[PDB]
2 protein chains.
Amino acid sequence: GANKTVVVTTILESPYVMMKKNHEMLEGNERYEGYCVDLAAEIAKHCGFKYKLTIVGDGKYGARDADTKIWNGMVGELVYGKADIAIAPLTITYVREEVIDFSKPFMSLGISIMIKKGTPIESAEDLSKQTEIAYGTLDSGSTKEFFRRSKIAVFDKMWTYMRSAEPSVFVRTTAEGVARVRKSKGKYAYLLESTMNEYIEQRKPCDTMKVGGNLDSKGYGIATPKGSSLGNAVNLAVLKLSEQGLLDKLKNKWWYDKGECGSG
Amino acid sequence: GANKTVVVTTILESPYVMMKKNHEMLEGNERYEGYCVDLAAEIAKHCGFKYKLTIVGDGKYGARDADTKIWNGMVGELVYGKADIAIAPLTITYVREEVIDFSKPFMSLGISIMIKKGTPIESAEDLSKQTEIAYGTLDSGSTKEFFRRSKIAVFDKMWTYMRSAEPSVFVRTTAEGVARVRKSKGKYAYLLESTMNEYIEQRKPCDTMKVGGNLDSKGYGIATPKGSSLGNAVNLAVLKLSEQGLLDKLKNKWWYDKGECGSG
Ligand SMILES: O=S1(=O)NCN(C2CC2)c2cc(Cl)sc21
Ligand SMILES: O=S1(=O)NCN(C2CC2)c2cc(Cl)sc21
Ligand SMILES: N[C@@H](CCC(=O)O)C(=O)O
Ligand SMILES: N[C@@H](CCC(=O)O)C(=O)O
Ligand SMILES: [Cl-]
Ligand SMILES: [Cl-]
Ligand SMILES: [Zn+2]
Ligand SMILES: [Zn+2]
Ligand SMILES: [Zn+2]
Ligand SMILES: [Zn+2]
Ligand SMILES: [Zn+2]
């Protein structure tokens, strides 16, 4: 039938989607800025739709409750028909691709380690062989599920520690994890995606660092409900923006051009 | 109908698919070894099909002739019904995704520069701003099409040079490009995918190296004819094997565990 405004679910996560400084005097999509705000505008332009950015109600990326089988987060908003598309740092995973569609990836990432500068940690293996430095991940996200489901030796060992550690090593938001690194005098390391790690590394007070290689290799995709008619066009739009260099331009714009820790 | 043997198109490109040293005494799929041979066996087992590996008849990856509009290479074998699936270092691109389906990527790559050691080149900009050192790409591939289509100034300048260079700077096979680097005393640099560059860097005589950053960021996907009933299972299998670490293991097996230029 007639064209309808597309409901976009997304998540407040720097530098993907942020409230503008003067957001309180702005309306609708103009309240927000960031990589995914720019990406949404480009996708909509190339696919020919109007859209409304909405922040995911529960603040979560998306995981399935093992007892009720109900999906939360942005994934749930797609599954249950509350949003038409998710444009966010939403990680492509097997279990999610069973219930929603993902475009080809628009950004690469892997799980990585954030330390406060000077922490004597260089790798996941180092973390797994000590207990002085606690370490954890974000809840309801792909990083936690990676460790939970993993049968890889070192990652299995880390999960056995994290799931039982008291007090909890898990956090509800990326910001909470970063703050915990910064205020723990080196006694907490945060496991998070390399994209977010590398962003924070270039933000004041310039006291965190990514260390070691990434633990895996995956990416973020634009997600739609299974079988949605938007999926085909959105997938091609991602590939076009990739081939034009726009994804590279936007990454530089939001990570490094704005960097606060020097011109390195 | 009854299950039928799946025809896999692939290409002789090291270390993805190679003839075994004793292949004349072997039959069928056993004649071949390499990363994509191993991957094909896993994809087939996880999706529950029998398969036959076949080497693409024309030795090409896939490009559309601008006049006849016929697709050649592995893409053509899928488009015209000669093969059911491609399991090969076949690059995801916009123009290909319009006519065939790609799985989520099973390996990352970007266009990169191969030099003979000691060549005074550190970047694509360096190449573009001089004339003593020639440079070119493979034929009928995604790297050539990237330069042909690029609107980025440095890459536009490089294409303007390469398309008019005489004698031709393009090569028919990767081996021809590498041999040209090795015999040109530093006066030829080869533009090829980082995966193949890194592999050759670890092969005797250890006289080439990858220099500079990559020029773009993309990946290889398993390709099927548009609308194939195999695509969904293959896509989920790639993601499962990615999460379980298979892809990282196979990359190390065929690139680095067998490297001939030291334990660097
Ligand atoms: O989760 S994936 O779709 N597949 C796994 N990989 C690795 C190259 C193998 C990947 C990289 C992206 Cl960038 S997105 C994805
Ligand atoms: O050609 S893609 O499907 N999309 C573009 N990218 C870049 C992360 C943006 C990518 C990486 C892969 Cl690995 S596969 C692909
Ligand atoms: N991008 C992740 C959230 C961050 C994390 O889990 O580290 C997801 O889609 O679940
Ligand atoms: N992987 C490329 C071939 C190699 C290249 O173009 O550098 C393709 O699919 O066309
Ligand atoms: Cl997941
Ligand atoms: Cl192409
Ligand atoms: Zn406010
Ligand atoms: Zn655009
Ligand atoms: Zn519950
Ligand atoms: Zn376990
Ligand atoms: Zn297997």
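Whatever order the structure lists them in is the order used to number ligands and atoms, beginning at 1. Excluded from the calculations below are hydrogen atoms, water molecules and symmetry mates; all remaining heavy atoms, backbone and side chain alike, are included. Letters A, B, ... are given to chains in the order of the sequence lines, protein chains preceding strands, and every chain is numbered from 1.
- Taking each heavy atom of A:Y35 and A:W255 in turn, the nearest pair found is CD1-CZ3, 3.9 Å.
- Residues passing the side chain to side chain donor-acceptor pair (under 3.5 Å) test with B:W254 are B:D38, sequence neighbours excluded.
- Residues lining ligand 2 at a heavy-atom distance below 4.0 Å are given as A:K104, A:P105, A:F106, A:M107, A:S108, A:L239, A:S242, B:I92, B:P105, B:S108, B:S217, B:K218, B:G219, ordered by chain and residue number.
- Classification of A:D156 and A:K151 as a salt-bridged pair fails, no side-chain N sitting under 4.0 Å from a carboxylate O.
- Contacts of B:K226 classified as salt bridge (charged side-chain N to carboxylate O under 4.0 Å, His left out), with partners at least two apart in sequence or in another chain: B:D101.
- In this structure a side-chain-to-backbone donor-acceptor pair under 3.5 Å is missing from B:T195 to B:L109.
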Please output the side-chain donor-acceptor pairs of residues 238-249 of chain B that fall under 3.5 Å, not counting sequence neighbours, one pair per line with the distance.
from, atom 1, to, atom 2, distance (Å)
B:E243, OE2, A:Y94, N, 2.7
B:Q244, NE2, B:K240, O, 3.2

